[PDB]
Amino acid sequence: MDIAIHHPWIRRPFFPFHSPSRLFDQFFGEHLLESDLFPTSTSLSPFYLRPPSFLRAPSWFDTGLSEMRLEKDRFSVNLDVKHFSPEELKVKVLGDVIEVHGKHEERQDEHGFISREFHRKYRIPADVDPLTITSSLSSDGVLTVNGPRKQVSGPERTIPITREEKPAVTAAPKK
Amino acid sequence: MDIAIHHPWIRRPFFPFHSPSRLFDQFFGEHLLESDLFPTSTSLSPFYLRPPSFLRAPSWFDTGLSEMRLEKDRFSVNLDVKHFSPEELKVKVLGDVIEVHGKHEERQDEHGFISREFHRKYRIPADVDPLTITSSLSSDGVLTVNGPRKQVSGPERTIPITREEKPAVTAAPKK
Amino acid sequence: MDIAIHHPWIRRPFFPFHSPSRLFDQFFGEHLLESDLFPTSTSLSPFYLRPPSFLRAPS
Amino acid sequence: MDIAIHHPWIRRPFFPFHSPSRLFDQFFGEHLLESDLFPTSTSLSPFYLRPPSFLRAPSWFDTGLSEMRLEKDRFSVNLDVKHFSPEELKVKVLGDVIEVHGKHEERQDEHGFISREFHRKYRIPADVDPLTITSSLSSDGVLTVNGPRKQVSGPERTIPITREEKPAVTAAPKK
Amino acid sequence: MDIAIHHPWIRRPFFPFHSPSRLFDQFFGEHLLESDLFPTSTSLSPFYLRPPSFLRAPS
Amino acid sequence: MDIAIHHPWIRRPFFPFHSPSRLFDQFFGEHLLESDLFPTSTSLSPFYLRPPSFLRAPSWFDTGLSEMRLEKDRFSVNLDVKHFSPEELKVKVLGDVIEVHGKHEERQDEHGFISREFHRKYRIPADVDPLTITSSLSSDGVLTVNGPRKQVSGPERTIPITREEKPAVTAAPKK
Amino acid sequence: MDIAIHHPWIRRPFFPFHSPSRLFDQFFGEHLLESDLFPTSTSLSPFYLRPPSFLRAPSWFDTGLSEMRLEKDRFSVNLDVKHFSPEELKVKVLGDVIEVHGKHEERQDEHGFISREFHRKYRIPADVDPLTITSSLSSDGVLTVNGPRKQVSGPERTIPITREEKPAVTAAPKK
Amino acid sequence: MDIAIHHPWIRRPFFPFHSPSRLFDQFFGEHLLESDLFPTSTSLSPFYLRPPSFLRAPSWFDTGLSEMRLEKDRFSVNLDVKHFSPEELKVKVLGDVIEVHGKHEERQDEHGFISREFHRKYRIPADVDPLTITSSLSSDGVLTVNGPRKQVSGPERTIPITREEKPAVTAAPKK
Amino acid sequence: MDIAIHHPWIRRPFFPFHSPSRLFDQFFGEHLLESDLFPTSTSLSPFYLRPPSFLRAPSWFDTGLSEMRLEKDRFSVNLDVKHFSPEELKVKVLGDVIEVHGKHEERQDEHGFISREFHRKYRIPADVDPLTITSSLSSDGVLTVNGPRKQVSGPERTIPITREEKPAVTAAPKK
Amino acid sequence: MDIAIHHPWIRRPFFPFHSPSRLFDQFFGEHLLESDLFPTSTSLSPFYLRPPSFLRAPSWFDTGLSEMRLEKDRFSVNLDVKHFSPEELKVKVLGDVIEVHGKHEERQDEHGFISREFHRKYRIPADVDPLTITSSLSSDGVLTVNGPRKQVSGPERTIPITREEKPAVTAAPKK
Amino acid sequence: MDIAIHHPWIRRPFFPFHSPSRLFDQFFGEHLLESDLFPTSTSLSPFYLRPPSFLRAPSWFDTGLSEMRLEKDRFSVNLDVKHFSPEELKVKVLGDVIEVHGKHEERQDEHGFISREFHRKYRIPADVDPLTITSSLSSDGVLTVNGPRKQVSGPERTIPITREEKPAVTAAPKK
Amino acid sequence: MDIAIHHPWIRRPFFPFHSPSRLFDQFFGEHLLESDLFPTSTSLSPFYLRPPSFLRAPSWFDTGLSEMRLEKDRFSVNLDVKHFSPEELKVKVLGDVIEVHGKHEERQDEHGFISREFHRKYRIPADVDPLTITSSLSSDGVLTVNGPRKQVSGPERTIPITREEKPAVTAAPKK
Amino acid sequence: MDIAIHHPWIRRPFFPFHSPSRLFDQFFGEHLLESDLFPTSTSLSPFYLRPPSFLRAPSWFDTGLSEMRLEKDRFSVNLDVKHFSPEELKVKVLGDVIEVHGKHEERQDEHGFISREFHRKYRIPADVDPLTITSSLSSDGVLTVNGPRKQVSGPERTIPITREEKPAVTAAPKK
């Protein structure tokens with residue numbers, strides 16, 4: 001880690017960014033928490049956060065967009081099952097997530113039987129809607145989930161519970 | 001004091017109170033020091049301090065009152081001296097503090113004499129006034145301090161001295 | 001009464017803002033006193049007296 | 001320095017000087033950096049820094065003046081070379097710094113020759129101007145640099161390079 | 001010249017606000033420079049020149 | 001926990017109890033274990049532990065009566081289910097513990113359905129007997145367990161195992 | 001003290017006195033405390049502490065006697081004041097303690113005066129009774145505290161107060 | 001010797017034997033020392049010690065017996081000397097210990113002579129008696145110690161000296 | 001303290017003085033103690049200590065003089081009591097030390113009375129002799145101590161006791 | 001050891017002896033070594049060492065005398081052998097040391113024979129001279145060594161050998 | 001280094017030299033510094049120092065002599081240059097040090113040229129004298145420095161500057 | 001660098017690469033040193049080193065090639081000097097390295113003159129040959145180094161010196 | 001032993017000798033152990049060991065020779081006894097080692113007799129043969145051991161025994 005080299009060297013390509021408030025994570029964090037309460041006369045915002053930029057003319061905002069949808073239209077997605085496995089396949093439409101589980105034994109040996117399995121994991125919200133999206137199987141294994149689309153999803157785990165005004169705790173000297 | 005338990009636990013029922021300014025003792029301390037100089041446009045204040053409260057409708061202030069007076073009238077307080085001690089008793093009215101010191105030997109043994117003593121300590125400002133408050137003794141020891149009242153007292157020791165405009169010191173490296 | 005434990009542990013959190021005088025709660029209190037007793041931002045309102053002094057320039 | 005004596009004693013005569021903002025070097029440093037950019041509505045300053053003073057009537061500002069010029073006139077400064085050294089002297093006018101280097105052997109011994117040397121270092125900006133200031137030598141060594149003046153100089157090393165705009169650096173955990 | 005005493009003792013009080021670059025007195029100074037030379041709050045105050053450059057979009 | 005204060009102070013209001021056998025937990029523990037084997041001509045006691053008391057006239061014994069039953073008679077206990085949930089409630093009589101689990105959705109929103117639930121935990125041994133104790137439900141949710149009573153219960157976990165005459169182990173030096 | 005020498009050596013002659021109960025100070029201490037409560041059919045004794053002795057025929061008991069009285073009769077006693085100091089002497093009979101304080105200036109110099117002083121401290125309870133012991137002075141300084149006698153005294157400081165049945169304290173984990 | 005495993009495990013099959021007095025080596029040691037002084041109305045005992053046994057019907061006593069004698073008669077023990085060594089053998093009857101030392105050179109080489117030796121160590125007390133036990137040698141080396149017997153022996157080194165009541169030692173504080 | 005800088009530097013302007021006997025404090029201390037016993041044919045000194053000097057022609061001796069007397073004659077000293085305080089002033093002539101303690105209340109407030117006090121401490125030996133020096137007070141407070149003078153004083157605390165030929169102590173190894 | 005007590009206390013009754021040269025063991029050791037070479041102009045001295053004494057009038061010298069001779073005359077010392085042991089006694093005259101070794105069995109038991117022994121160790125140089133001193137035994141065991149005397153002896157072990165002018169060793173840095 | 005072996009051993013063949021004054025380097029150093037000032041009544045001395053010797057008859061003095069000159073006469077030293085290098089050689093007579101620097105390429109390869117060089121360093125003061133000593137070269141490289149002689153030289157670096165009477169410098173406590 | 005994570009994780013993908021000889025750097029280093037001496041029966045090798053590869057059919061060898069030359073022909077390389085600097089430019093052909101140093105002041109200010117400089121560093125061995133490669137300058141600054149080519153270069157610092165077979169050293173125990 | 005100097009320096013003149021197998025003591029030790037079993041077609045060797053030499057033409061082998069014999073013939077060695085001691089001399093021929101022990105008192109004093117002794121230790125195997133070598137003494141002490149010779153000897157202690165094929169031990173984890 002060379003604290004005598006990496007520390008002073010790393011702090012080199014950072015001067016022109018320096019002076020960003022020793023408590024940048026809390027300073028801006030408060031301003032972002034204020035605009036997350038009520039539409040503060042802005043051009044609205046799902047979660048746009050005003051970050052420290054060098055752009056003098058335009059005002060940049062931290063956004064997503066390219067993390068929800070991209071290139072879709074109005075067709076039918078098709079899963080992949082190279083070898084037919086009708087009775088040995090299970091298609092599951094768990095929300096905006098289309099998956100296929102097909103296992104078929106095509107390779108055989110003396111006393112050992114080989115079994116191939118194709119499992120697709122599709123997390124296409126803008127292409128899937130459990131309510132309408134159906135499934136159609138072929139005789140070769142070609143699975144095809146047909147139906148409309150338009151939607152956004154994505155299972156995350158960001159739910160900080162607790163802290164809700166009016167608590168209070170206490171302690172005392174010990175040894 | 002399990003630092004790996006009491007620390008996160010003592011900070012648990014404190015969340016709804018958290019974010020009270022890491023320097024709460026100095027932040028509010030300054031605002032209270034500003035209103036302690038000149039009677040700022042308020043309902044005045046002997047020492048009312050605006051504290052952080054969850055009350056939304058009303059504005060709470062840190063007060064005293066219940067630490068000065070309570071339930072008193074014309075009155076004529078009475079000291080306690082179960083057994084008479086006319087010559088062996090001394091009543092002292094030191095300010096708003098009425099005290100009685102009476103010692104009488106009522107129990108006797110072979111070569112050992114027992115002496116009982118009754119000492120009362122009354123810190124009743126709203127009941128005593130050195131000037132008018134007098135004392136009347138009975139033949140049974142029943143002492144009675146009669147007289148008007150109305151006033152507050154309480155001997156404390158809170159007088160920070162020095163830090164009297166423009167001082168300055170200096171130092172230098174050593175080892 | 002942990003003089004060799006609490007004492008050096010209580011003066012530790014003070015370091016982030018420790019270095020000046022030993023007393024920080026009176027100069028600021030008097031500096032604000034002479035500044036709060038003076039019509040600042042708003043209007044005014046005084047009241048005083050004057051006893052004998054040796055000072056010629058001030059009073 | 002007994003930390004149990006000097007510490008509480010070096011902070012004592014500091015009593016009413018305290019409360020100068022724990023971050024005084026940065027707080028005022030920012031205000032001085034702001035007035036160092038654009039000529040802010042003031043009586044104009046080269047580097048006047050509004051410092052914390054006890055003066056109530058007048059406003060004090062950190063200034064120089066007594067570190068550039070003082071008492072000068074037409075003049076015609078003259079270096080010092082007690083003993084003549086026409087061929088053994090070199091006068092150098094390096095900017096606002098006039099110097100003389102003359103060495104002459106006046107003392108002689110058996111097999112040892114003594115040599116005297118006179119070296120003057122004049123840093124008079126308000127008395128020297130390399131362009132006009134000339135030099136006139138006498139037969140006794142009396143050097144005389146004649147000419148006009150009016151100027152300020154002084155070699156210092158205060159040029160903190162780096163710390164431009166938009167850099168960006170990073171790191172990562174280690175062990 | 002206590003390099004093994006003062007050096008690690010002077011960089012200690014900086015930690016409460018230490019982490020970014022080693023140069024913190026010029027980006028904030030230039031950022032304020034480009035913001036102070038611009039009529040903020042008040043209005044007007046210019047004067048400049050223009051030499052040959054390779055830049056086409058800017059100048 | 002100032003060992004130089006709490007130790008000599010905590011050892012203060014304990015003098016009058018002091019000298020209670022440095023091995024009080026084992027001394028009396030043996031005498032209590034002897035009377036726990038065979039009714040030792042006592043007034044019969046499940047666990048009357050003769051403790052050290054200051055009572056000179058009467059002999060005190062550690063009891064437990066006030067931890068089994070108290071104010072009961074011959075009626076029916078009523079569970080709590082303010083809102084009816086006939087099909088959505090399940091009453092369970094697990095020994096001397098009567099519980100009710102009823103959940104009904106009475107509050108409705110746009111796309112969110114609220115469901116309230118009432119769960120009672122009754123550990124009344126002197127009021128319950130799995131055999132006779134039945135359950136009757138009302139149309140409002142008022143559950144009522146009817147039947148006689150008289151019994152004592154309470155799930156604990158105090159069952160030391162092993163240590164049964166004739167074991168023997170051994171060891172040897174190491175490094 | 002060489003732990004590898006003094007320890008095994010100082011524990012050598014101790015053999016014939018060894019095996020004296022590891023808790024000898026408490027074991028015998030209890031038996032001595034039992035006989036200090038009520039005259040336990042003993043030959044009556046203020047503090048006859050039965051100690052471990054090698055005497056097989058007789059039973060030894062720890063006692064005083066030779067620390068209270070010895071050789072006295074009727075007496076008259078005589079203090080010591082070599083040089084007369086009638087007005088400069090003070091005889092004090094503080095209980096069973098007779099003392100004399102006489103100071104007289106017999107030696108003289110130029111500007112320095114010498115003063116000799118004789119101070120006697122008599123702790124004779126067996127021959128002193130403040131109630132009947134008087135004092136007679138001679139013209140030479142010879143003091144004589146005549147009077148009857150027979151008594152015992154001696155100021156000690158062995159009064160272990162506190163601890164007196166029924167106290168109780170407690171504590172809890174710490175860190 | 002994992003203290004976190006061997007300690008709790010080596011104490012596992014020890015419970016049914018535990019509770020044997022933390023000072024078992026001294027407790028019983030005293031009772032065995034009391035019966036070692038005078039025949040305490042027992043069936044006598046060379047050194048029979050009453051040990052803690054689970055036997056309920058019979059009383060076990062720690063004894064020897066099988067460490068002194070066993071299977072013998074008139075007898076006439078024979079030493080072993082495979083090869084004759086009349087002049088090169090020495091029989092020694094040191095108490096109840098019969099030994100034979102015979103060395104004869106039977107193997108020969110070029111310039112190296114081999115010498116075999118037979119040494120027997122017989123500690124047979126119940127077979128030997130210095131007085132009567134004699135020795136008879138054969139021409140082949142067969143040694144034969146003939147004679148009666150009946151007696152027990154065995155050289156040990158258990159003789160604790162010193163410690164004899166009366167004497168003692170003392171010490172003082174230092175460091 | 002920079003042991004690697006201050007040590008070799010503080011030992012820089014010390015060379016030309018170095019080599020003053022590693023035991024200078026004791027070496028010269030003995031020679032000064034020898035001349036402090038009997039007038040050693042010197043010009044009679046009270047405490048003139050011959051110190052090491054660079055003076056080659058004259059012999060320097062450490063002396064006082066300028067620490068006893070200086071500029072006096074034959075007059076009267078005047079104490080300071082700006083405001084009259086006859087009854088509230090106390091002049092004390094404690095040896096060669098003249099002091100004045102006068103306190104008078106000249107400033108008055110509502111319920112607060114101000115009291116000024118003037119206290120002078122004169123340690124003039126060659127200006128005051130308690131035997132003849134008197135005091136004269138004026139109606140304005142001007143105190144004037146009149147009388148002759150000539151004498152030296154000055155309270156110090158340099159009296160090393162003990163150490164007086166023929167003592168002797170001892171010790172022994174420990175651990 | 002109480003370094004904070006014994007050190008300053010063991011140095012208390014030592015002052016009047018202090019200043020005995022920090023190197024007293026070597027300083028005087030040299031002067032004693034000088035007078036041990038050649039009979040320096042003195043009243044001679046076997047080993048009289050002039051020590052530091054407080055005696056002002058006389059000069060003290062450390063000597064022996066009372067460690068060689070004492071009270072003897074034309075004698076005939078006699079050893080002690082209470083019980084006769086003519087054949088069981090051995091008298092040895094090893095220089096100025098007369099010893100007797102007599103052992104006789106006078107006490108008899110069943111199978112145990114007791115043997116008493118008398119051993120005398122006489123180190124009388126001024127009473128013994130191996131050359132003339134003889135021995136005479138009596139019938140009761142009374143041994144008597146008769147003969148002249150006058151002599152001094154005493155086996156010691158103080159003989160330093162090494163060191164003898166002209167050696168020289170060396171070394172060098174290591175690590 | 002075996003401190004428990006080399007220390008007592010390296011001090012073995014050193015005893016006969018021991019006692020050479022613990023401060024031998026300073027004791028004699030002072031006596032040598034005294035004789036280095038003024039030519040003290042002796043057979044003079046360039047730097048002869050009286051050292052501790054075992055020689056009883058003669059007095060030894062530490063001297064040089066065999067470190068300046070030795071065996072020389074009317075000479076004409078010759079430098080060494082096996083192969084001629086007239087244009088490629090440079091003779092230098094720097095004081096009493098004669099040197100020769102000649103480099104000639106005599107060995108040649110394909111594309112690599114070898115160059116041999118002969119460099120002599122003569123520090124002969126008793127053979128060289130910059131003035132007269134000249135140089136003569138031969139056609140084979142044989143250099144010859146001819147001329148008289150007689151002189152002593154030798155560049156050393158023993159010039160301890162500083163310390164020159166009357167400096168003055170001090171310090172103070174720290175922490 | 002979590003030793004408890006990175007260590008076992010970094011050796012994880014190393015799984016199928018393990019068993020590469022603990023001393024791989026020396027083992028192969030010897031085989032490569034053997035083929036670096038004499039052209040061992042192979043397709044020769046400039047420095048090809050047979051490394052451990054998974055290739056079964058072909059034999060791989062560590063080589064360079066792509067670190068010397070690449071795409072060249074006849075050529076006439078051109079240096080870069082945007083603005084003419086005939087007199088202010090210096091072309092240097094240091095071996096296979098062609099460089100150009102031209103500085104011209106084209107930008108001018110009030111009292112500040114700007115000077116631009118173009119410096120090219122060409123390390124083209126297969127394009128340069130000091131001998132033939134010349135240089136031509138244009139009036140605009142366009143420099144052009146014309147001439148043939150074909151060559152390889154590259155200044156590195158890999159020359160291990162010394163180990164001149166037949167040395168030897170020694171040491172000894174120390175501390 | 002500066003590990004930062006001696007380590008890298010003592011490894012410099014080792015450079016050209018390095019790389020002699022990190023396990024040279026065992027590698028060659030094995031090859032020498034193989035040739036020490038059976039005459040491995042060598043030119044027959046007693047203990048010739050092939051060492052790593054730089055000799056390219058000849059093969060060097062570690063040998064003795066110059067440690068057994070040297071320059072002898074027929075001889076008749078003579079011992080040394082300067083002064084005759086016929087009765088006081090003892091010649092011993094212990095193998096190939098001839099020694100003489102003669103002590104005679106030739107110097108006499110007052111009461112002290114001096115005795116000189118001559119002891120010779122000859123370890124000449126190639127000159128002595130205990131079987132034939134005899135001894136002849138002269139009247140002056142000149143001893144002469146005459147006889148043939150030819151033989152080699154020398155007492156050493158190099159006999160590492162045990163390692164009796166088929167051993168093995170075992171252990172186990174502990175703590």
# chains A, B, ... in the order shown; residues from 1 in each chain; ligands from 1

call {"tool": "residues_around", "arguments": {"residues": "stretch 71-81 of chain B", "least_positions_apart": "2", "cutoff": "10 Å", "atoms": "only C-alpha atoms", "output": "MDAnalysis selection string"}}
result
chainID B and resid 69 83:85 89 91 98:104 117:122 124 126:128 133:138 140:150

call {"tool": "write_last_selection", "arguments": {"atoms": "N, CA and C atoms", "output": "short mmCIF file (atom, residue, chain, number, x, y, z; two decimals), in the first residue's frame"}}
result
data_model
loop_
_atom_site.label_atom_id
_atom_site.label_comp_id
_atom_site.auth_asym_id
_atom_site.auth_seq_id
_atom_site.Cartn_x
_atom_site.Cartn_y
_atom_site.Cartn_z
N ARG B 69 -41.01 27.91 44.13
CA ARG B 69 -42.13 27.97 45.05
C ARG B 69 -43.20 26.96 44.65
N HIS B 83 -38.69 17.28 72.71
CA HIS B 83 -38.44 17.54 74.12
C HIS B 83 -37.86 18.93 74.33
N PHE B 84 -38.39 19.62 75.33
CA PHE B 84 -37.98 20.98 75.65
C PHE B 84 -36.48 21.11 75.90
N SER B 85 -35.92 22.19 75.37
CA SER B 85 -34.50 22.50 75.52
C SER B 85 -34.31 24.02 75.44
N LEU B 89 -31.09 25.20 73.22
CA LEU B 89 -31.51 25.28 71.83
C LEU B 89 -31.10 26.62 71.22
N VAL B 91 -31.88 28.84 67.68
CA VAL B 91 -32.57 29.02 66.41
C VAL B 91 -31.80 30.02 65.55
N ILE B 98 -34.19 28.48 57.58
CA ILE B 98 -34.49 28.42 59.00
C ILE B 98 -34.03 27.10 59.59
N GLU B 99 -33.21 27.16 60.63
CA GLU B 99 -32.70 25.95 61.27
C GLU B 99 -32.84 26.02 62.78
N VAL B 100 -32.95 24.86 63.41
CA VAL B 100 -33.07 24.77 64.85
C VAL B 100 -32.09 23.73 65.39
N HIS B 101 -31.38 24.09 66.45
CA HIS B 101 -30.41 23.18 67.05
C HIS B 101 -30.66 23.04 68.55
N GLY B 102 -31.41 22.01 68.92
CA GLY B 102 -31.71 21.78 70.32
C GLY B 102 -31.28 20.40 70.80
N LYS B 103 -30.50 20.37 71.87
CA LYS B 103 -30.01 19.12 72.43
C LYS B 103 -30.32 19.04 73.92
N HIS B 104 -31.02 17.99 74.33
CA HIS B 104 -31.38 17.81 75.73
C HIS B 104 -31.14 16.38 76.18
N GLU B 117 -30.91 15.02 70.24
CA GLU B 117 -30.82 16.31 69.56
C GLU B 117 -31.72 16.36 68.33
N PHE B 118 -32.41 17.47 68.17
CA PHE B 118 -33.30 17.67 67.03
C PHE B 118 -32.79 18.83 66.18
N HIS B 119 -32.48 18.54 64.92
CA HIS B 119 -31.97 19.56 64.01
C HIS B 119 -32.79 19.62 62.72
N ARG B 120 -33.44 20.76 62.50
CA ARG B 120 -34.25 20.95 61.31
C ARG B 120 -33.57 21.89 60.33
N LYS B 121 -33.66 21.56 59.04
CA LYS B 121 -33.08 22.39 57.99
C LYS B 121 -34.16 22.78 57.00
N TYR B 122 -34.65 24.01 57.13
CA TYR B 122 -35.71 24.50 56.26
C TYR B 122 -35.18 25.51 55.24
N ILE B 124 -36.91 27.27 52.91
CA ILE B 124 -38.16 27.81 52.38
C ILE B 124 -38.06 29.31 52.11
N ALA B 126 -39.88 31.13 49.86
CA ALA B 126 -41.23 31.67 49.73
C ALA B 126 -41.99 31.60 51.05
N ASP B 127 -41.28 31.30 52.13
CA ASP B 127 -41.90 31.21 53.45
C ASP B 127 -41.10 31.98 54.49
N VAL B 128 -39.87 32.35 54.13
CA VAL B 128 -39.01 33.06 55.07
C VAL B 128 -38.40 34.33 54.49
N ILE B 133 -39.43 37.48 59.60
CA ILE B 133 -39.53 36.16 60.22
C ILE B 133 -38.85 36.11 61.58
N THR B 134 -39.64 35.86 62.62
CA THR B 134 -39.14 35.77 63.98
C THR B 134 -39.29 34.34 64.49
N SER B 135 -39.10 34.15 65.80
CA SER B 135 -39.21 32.82 66.38
C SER B 135 -39.89 32.87 67.75
N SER B 136 -40.70 31.85 68.02
CA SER B 136 -41.41 31.74 69.29
C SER B 136 -41.29 30.32 69.83
N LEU B 137 -40.73 30.19 71.03
CA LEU B 137 -40.54 28.87 71.63
C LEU B 137 -41.62 28.54 72.65
N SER B 138 -41.95 27.26 72.74
CA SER B 138 -42.94 26.77 73.69
C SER B 138 -42.23 26.08 74.85
N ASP B 140 -42.67 22.96 75.64
CA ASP B 140 -42.47 21.56 75.29
C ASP B 140 -41.39 21.42 74.22
N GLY B 141 -40.94 22.55 73.69
CA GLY B 141 -39.91 22.53 72.67
C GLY B 141 -40.44 22.95 71.31
N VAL B 142 -41.76 23.02 71.21
CA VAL B 142 -42.41 23.40 69.96
C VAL B 142 -42.01 24.80 69.53
N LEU B 143 -41.09 24.87 68.57
CA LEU B 143 -40.63 26.15 68.05
C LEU B 143 -41.55 26.59 66.91
N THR B 144 -41.79 27.89 66.81
CA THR B 144 -42.66 28.41 65.76
C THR B 144 -42.13 29.71 65.17
N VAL B 145 -41.72 29.65 63.91
CA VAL B 145 -41.23 30.82 63.20
C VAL B 145 -42.38 31.49 62.46
N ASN B 146 -42.88 32.59 63.02
CA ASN B 146 -44.00 33.31 62.42
C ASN B 146 -43.53 34.53 61.63
N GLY B 147 -44.36 34.93 60.67
CA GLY B 147 -44.05 36.09 59.84
C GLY B 147 -44.46 35.90 58.39
N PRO B 148 -44.51 36.99 57.60
CA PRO B 148 -44.89 36.92 56.18
C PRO B 148 -43.87 36.14 55.35
N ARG B 149 -43.81 36.41 54.05
CA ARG B 149 -42.87 35.71 53.17
C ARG B 149 -42.84 36.32 51.76
N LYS B 150 -42.62 35.45 50.77
CA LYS B 150 -42.57 35.81 49.35
C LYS B 150 -41.16 36.18 48.89
#

call {"tool": "select_by_dssp", "arguments": {"residues": "chain L", "states": "strand (DSSP E)", "output": "PyMOL selection string"}}
result
chain L and resi 78-79+89-94+97-108+113-122+136-137+143-144

call {"tool": "interface_residues", "arguments": {"of": "chain M", "to": "chain L", "cutoff": "7 Å", "atoms": "only C-alpha atoms", "output": "PyMOL selection string"}}
result
chain M and resi 1+10-11+13-17+54

call {"tool": "interface_residues", "arguments": {"of": "chain C", "to": "chain A", "cutoff": "12 Å", "atoms": "only C-alpha atoms", "output": "PyMOL selection string"}}
result
chain C and resi 1-2+5-6+9-10

call {"tool": "write_last_selection", "arguments": {"atoms": "N, CA and C atoms", "output": "JSON list (two decimals), in the first residue's frame"}}
result
[["chain", "number", "residue", "atom", "x", "y", "z"],
["C", 1, "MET", "N", -14.44, 7.85, 39.12],
["C", 1, "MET", "CA", -13.37, 8.87, 39.17],
["C", 1, "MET", "C", -12.13, 8.41, 38.40],
["C", 2, "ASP", "N", -12.35, 7.85, 37.22],
["C", 2, "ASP", "CA", -11.25, 7.37, 36.39],
["C", 2, "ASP", "C", -10.45, 8.55, 35.84],
["C", 5, "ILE", "N", -8.34, 7.50, 32.87],
["C", 5, "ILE", "CA", -9.11, 6.85, 31.81],
["C", 5, "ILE", "C", -10.10, 7.81, 31.16],
["C", 6, "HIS", "N", -11.03, 8.32, 31.96],
["C", 6, "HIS", "CA", -12.05, 9.24, 31.47],
["C", 6, "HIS", "C", -11.47, 10.61, 31.11],
["C", 9, "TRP", "N", -9.92, 10.64, 27.91],
["C", 9, "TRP", "CA", -10.90, 10.18, 26.94],
["C", 9, "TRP", "C", -11.93, 11.26, 26.64],
["C", 10, "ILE", "N", -12.09, 12.20, 27.56],
["C", 10, "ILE", "CA", -13.05, 13.29, 27.38],
["C", 10, "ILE", "C", -12.39, 14.47, 26.67]]

call {"tool": "closest_atom_pairs", "arguments": {"of": "chain E", "to": "chain C", "cutoff": "12 Å", "atoms": "only C-alpha atoms", "output": "tab-separated table"}}
result
residue	atom	partner	partner_atom	distance
E:12	CA	C:16	CA	9.7
E:13	CA	C:16	CA	6.6
E:14	CA	C:16	CA	8.9
E:15	CA	C:16	CA	9.2
E:16	CA	C:16	CA	6.8
E:17	CA	C:16	CA	9.7

call {"tool": "residues_around", "arguments": {"residues": "stretch 27-32 of chain I", "least_positions_apart": "5", "cutoff": "12 Å", "atoms": "only C-alpha atoms", "output": "PyMOL selection string"}}
result
(chain I and resi 20-22+37-40+45-52+61-62) or (chain J and resi 19)

call {"tool": "select_by_dssp", "arguments": {"residues": "chain B", "states": "alpha helix (DSSP H)", "output": "PyMOL selection string"}}
result
chain B and resi 6-10+24-34

call {"tool": "residues_around", "arguments": {"residues": "residue E:29", "least_positions_apart": "3", "cutoff": "9 Å", "atoms": "only C-alpha atoms", "output": "MDAnalysis selection string"}}
result
(chainID D and resid 30 33:34 37 163) or (chainID E and resid 24:26 32:34)
